[PDB]
Amino acid sequence: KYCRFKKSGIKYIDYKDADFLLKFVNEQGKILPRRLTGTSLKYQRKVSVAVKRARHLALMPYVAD
RNA sequence: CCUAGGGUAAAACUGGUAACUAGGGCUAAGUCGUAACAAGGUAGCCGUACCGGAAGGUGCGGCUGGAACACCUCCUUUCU
């Protein structure tokens, strides 16, 4: 129930990795709540805006299944 | 020359009164409806706009000074 970004030394969230951005998304392409992943709020905001940036850049789908 | 008094002109303050007219408090509790008090039978109230014999109704925003119900779809992590 810890933060995978506070445990490691990662300070940025890249959006050009569709394979890496699949760990914070639902099975149908929805952002997972930070309660299930233990991520702090400061990094949850960043991962949410990164997911949205990937959706805009057409690396992750809006409506998936 | 000065100045009491008198005349004249336009204003300011204030009192009384007036056809008609708006609202307020009581009287015997007359006529019409039941708007609020229980979730008052459409939750209530506040600001505002429109409308209607009347209490009032509706649109937008805000509050609980409202009752009854009221824990969860994903289970766990590697420098991307």
Side-chain angles (χ1 to χ4, degrees), chain A residues 1-16 18 20-27 29-64:
Chain A
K1 50 181 175 299
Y2 52 87
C3 187
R4 74 178 70 184
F5 305 106
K6 295 210 305 177
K7 183 188 65 177
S8 60
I10 305 182
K11 285 294 182 180
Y12 183 72
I13 308 295
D14 199 303
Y15 60 93
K16 298 166 294 184
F20 168 72
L21 281 176
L22 277 176
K23 298 173 174 296
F24 312 93
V25 82
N26 191 12
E27 61 242 36
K30 298 172 67 178
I31 307 178
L32 268 174
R34 83 183 202 273
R35 177 200 69 258
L36 301 180
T37 73
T39 309
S40 65
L41 191 57
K42 173 187 172 184
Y43 292 92
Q44 173 69 206
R45 301 172 185 269
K46 294 184 177 180
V47 79
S48 100
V49 310
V51 160
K52 294 175 181 179
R53 241 125 81 160
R55 284 174 174 177
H56 168 70
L57 209 64
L59 298 177
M60 310 218 322
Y62 284 86
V63 200

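Below, read A as the first sequence line, B as the second, and so on, with proteins coming before strands; counting in each chain starts at 1. Hydrogens, waters and symmetry mates play no part in the numbers below; they use all other heavy atoms, side chains included.
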Legend entry - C1'-based separation of B/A49 from B/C72 [nearest Å]: 45 Å
Inset, instruction - Tell me whether B/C32 sits syn or anti, counting syn as a glycosidic angle within 90° of 0. - result: anti
Inset, instruction - List, by chain and number, the other hydrophobic cluster members for A/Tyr2, where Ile, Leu, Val, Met, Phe, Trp and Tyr join if side-chain heavy atoms come within less than 4.5 Å, directly or indirectly. - result: none
Inset, instruction - Answer syn or anti for B/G47, where the cut-off is 90° from 0 on the glycosidic torsion. - result: anti
Inset, instruction - Can you tell me, in whole Å, how much space there is between the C1' of B/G52 and that of B/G44? - result: 22 Å
Inset, instruction - Could you tell me the separation between the OH atom of A/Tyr12 and the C1' atom of B/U80, rounded to a whole number of Å? - result: 10 Å
Legend entry - Test: B/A10 stacks on B/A9 (six-ring centres under 5.5 Å, planes under 30°): yes
Inset, instruction - Answer with yes or no whether the hydrophobic clustering places A/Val25 together with A/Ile10; edges join I, L, V, M, F, W, Y residues whose side-chain heavy atoms lie under 4.5 Å apart. - result: yes
Inset, instruction - Choose from B/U73, B/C74, B/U80 the nucleotide whose nearest atom is closest to any side-chain atom of A/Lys30. - result: B/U73
Inset, instruction - Using the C1' atom as the reference point in each nucleotide, state the distance between B/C45 and B/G65 in Å, no decimals. - result: 8 Å
Inset, instruction - Measure the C1'-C2'-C3'-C4' torsion in the sugar of B/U77, then label it north if positive and south if negative. - result: south
Inset, instruction - Tell me whether the sugar of B/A18 sits north or south, going by the sign of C1'-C2'-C3'-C4' (positive is north, negative is south). - result: north
Inset, instruction - Using the P atom as the reference point in each nucleotide, state the distance between B/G57 and B/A28 in Å, no decimals. - result: 32 Å
Legend entry - Whole-angstrom distance between B/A39 and B/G33, as gauged at atom P: 28 Å
Legend entry - P spacing across the pair B/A70 / B/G53, given as an integer number of angstrom: 48 Å
Please write out the pairs of protein N or O atoms and N or O atoms of nucleotides 75-77 of chain B separated by less than 3.5 Å, giving the distance to one decimal.
residue : atom : partner : partner atom : Å
B/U76   : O2   : A/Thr37 : O            : 3.4
B/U76   : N3   : A/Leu36 : O            : 3.4
B/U77   : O2'  : A/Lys7  : NZ           : 3.4
B/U77   : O2   : A/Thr37 : O            : 3.4
B/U77   : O4   : A/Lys1  : N            : 2.3

Legend entry - Reported CD-to-CZ distance for the pair A/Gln44 and A/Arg35, which is rounded to 0.5 angstrom: 11.0 Å
Legend entry - Consecutive bases B/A68, B/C69 stacked per 5.5 Å and 30° rule: yes
Inset, instruction - Dot-bracket notation for RNA chain B is requested: 5' to 3', Watson-Crick or G-U wobble pairs only, both distances under 3.5 Å, with ( ), [ ], | and . as defined. - result: ..........................................(((((((((....)))))))))................
Inset, instruction - Considering non-hydrogen atoms only, spot the tightest contact between A/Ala50 and A/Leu21 and give its length. - result: O-CD1, 4.0 Å
Inset, instruction - For A/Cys3 and A/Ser40, work out which heavy atoms get closest and say how close. - result: SG-N, 3.6 Å
Inset, instruction - Please look at the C1'-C2'-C3'-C4' dihedral of B/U73 and say whether its sugar is north or south. - result: north
Inset, instruction - Please state yes or no: are the six-membered rings of B/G56 and B/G57 less than 5.5 angstrom apart at their centres, with planes tilted under 30 degrees? - result: yes
Legend entry - Most 5' of A/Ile10 and A/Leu32 on RNA chain B, judged by nearest nucleotide: A/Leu32
Legend entry - Nonpolar side-chain network containing A/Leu32, other nodes, edges under 4.5 Å: A/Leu36
Inset, instruction - State the sugar conformation of B/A29 as north or south, using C1'-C2'-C3'-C4' as the deciding torsion. - result: south
Legend entry - P spacing across the pair B/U34 / B/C26, given as an integer number of angstrom: 26 Å
Legend entry - Pucker family that the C1'-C2'-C3'-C4' torsion assigns to B/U14: north
Inset, instruction - Check the distance between B/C79's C1' and A/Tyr43's OH and give it to me in whole angstrom. - result: 13 Å
Inset, instruction - Kindly label the base of B/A29 as syn or anti, based on whether its glycosidic torsion lies within 90° of 0. - result: syn
Legend entry - Residues that A/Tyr43 engages under ring-ring contact (aromatic ring centres under 6.0 Å, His included), provided they are two or more places apart: A/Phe5
Inset, instruction - Not counting sequence neighbours, which residues clear side chain to side chain contact (heavy atoms under 4.5 Å, CB included) with A/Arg53? List them please. - result: A/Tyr12, A/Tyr15
Inset, instruction - Check step by step if side-chain contact (heavy atoms from CB on, under 4.5 Å) holds for A/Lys6 and A/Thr39. - result: CA-CA 8 Å; A/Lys6 295 210 305 177; A/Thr39 309; over 6 Å; no
Legend entry - For the student: nearest non-hydrogen atoms of A/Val51 and A/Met60, plus distance: CG1-CE, 3.7 Å
Inset, instruction - Identify the two heavy atoms, one from A/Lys11 and one from A/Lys42, that lie closest to each other, and give their separation to 0.1 Å. - result: NZ-NZ, 4.1 Å
Legend entry - Stacked pair B/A29-B/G30 by ring centres under 5.5 Å and planes under 30°: no
Legend entry - Between B/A55 and B/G40 - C1' atom distance, rounded Å: 15 Å
Inset, instruction - Evaluate the stacking of B/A43 against B/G44, requiring that the six-membered ring centres lie under 5.5 Å apart and that the ring planes differ by under 30 degrees. - result: yes
